[PDB]
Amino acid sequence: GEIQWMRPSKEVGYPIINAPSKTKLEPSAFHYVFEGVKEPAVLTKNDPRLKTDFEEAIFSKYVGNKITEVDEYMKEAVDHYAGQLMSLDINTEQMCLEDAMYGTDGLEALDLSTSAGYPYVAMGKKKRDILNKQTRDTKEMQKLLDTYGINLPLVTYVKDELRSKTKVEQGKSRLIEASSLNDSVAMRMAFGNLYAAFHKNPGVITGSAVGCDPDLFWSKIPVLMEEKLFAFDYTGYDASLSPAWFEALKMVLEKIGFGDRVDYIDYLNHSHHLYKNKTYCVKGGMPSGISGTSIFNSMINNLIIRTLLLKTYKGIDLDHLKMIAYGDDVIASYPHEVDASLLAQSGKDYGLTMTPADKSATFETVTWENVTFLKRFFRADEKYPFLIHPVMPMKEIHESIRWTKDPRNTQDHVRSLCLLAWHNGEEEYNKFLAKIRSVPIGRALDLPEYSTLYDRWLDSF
């Protein structure tokens, strides 16, 4: 991903986009009951905590483009992945506007809280004014489609979230590229059934885990993996994607019956953005945030891993490559041990910056004991080993509970954390509940006890 140019939006006929400048995150009733070191991300150039230029920091993610064309390994990767997907008999017909808007089997309805993007954001027109979830009305939307069409600019927002001290001082805040409601709708109409087919088939065939339920899915993963596991993290995955990777994705889509609408991928690859009073053009880089983002990042990941294995290990049997991606996150396996370090090396030549799994300093062997997926470990249940617990460490949960974005969602926020934490065991869970109940706010919450969550878990399979 590389920014071609950037300039005042007025110079190209666009209005200044108003974005919030004050975080919605404030210390919660548990701020001093639990240990934590993260704070709200810098949202503006004037943030006192900054120790470097903000604008420069937030756009530096666009490391550039390392490859122009789709090489022979990539083509091979494309044929193999496309072949697997073929086995799912994915419905290739476009999805009607009604479902693309209000959802259907395998596809949730459009999120009414998220941005409507340009130009609605500049006309103060919200989604709540465009769609009727109880009416399933598509006339207003249809009229808007006909009026403003598609391929509209994406609106760049700084993500309001918790970040480490270092990242705050270095202005390393993450960005959200909200596509226009029109594009989101047109895209869900074009790829709606693909999205659904993926949501309904999380696994090693789609090579995707998007739409999955960790509590149930974790028990299916081990059975799908080959003997030897391997993994690694990416640095700035989305932004590092070169145009070739988008072209490789289009080839996959063509081969599975969607060659009919690969043009929509161009909108993602070569895209223009609106940020504050500026407008810029980017070549490459996946717009982090758009409808389809995680699924397409996941598909491209399947292409990347395959490409690197072909490039590094001629004769590798991709039919025994068992991997599951969630955007840039990935858990993979092969009957034989592979060198993540070597793969990482091959990765550089493809514009990908790969590093040791889970922030390690060196590339160590990945095992069922130390592997994580979506920040969760895998732990067989003590009483019924065939049931696998997705275990997220208490550290991130402690960090999260120390802040709130709205006092009205305190019980939902805390219940949410409880569904994640109890998997760490009863001793830990009870310690967690006790601290919560050491302050008034917590004692007033309705939280499930351990045995209740355990029973609920067993009854969910």
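So that there is no doubt, residue numbering starts at 1 and follows the sequence shown.
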Of 86-94 vs 305-313, the stretch with the larger average CA B-factor in the entry is 86-94
Comparing 181-189 with 137-145, the higher average Cα temperature factor in the PDB entry belongs to 137-145
When the entry's CA B-factors for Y120, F386, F232, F246 are compared, the highest one belongs to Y120
The residue of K250, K200, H272, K276 with the maximal C-alpha B-factor according to the PDB record is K276
For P222, the third of its chain by CA B-factor is the middle
Here the Cα B-factor of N132, set against its chain, lands in the third termed highest
For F378, the third of its chain by CA B-factor is the lowest
In terms of its chain's C-alpha B-factors, the third that includes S298 is the lowest
Temperature factor at the Cα of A57, chain-ranked in thirds, falls in the highest
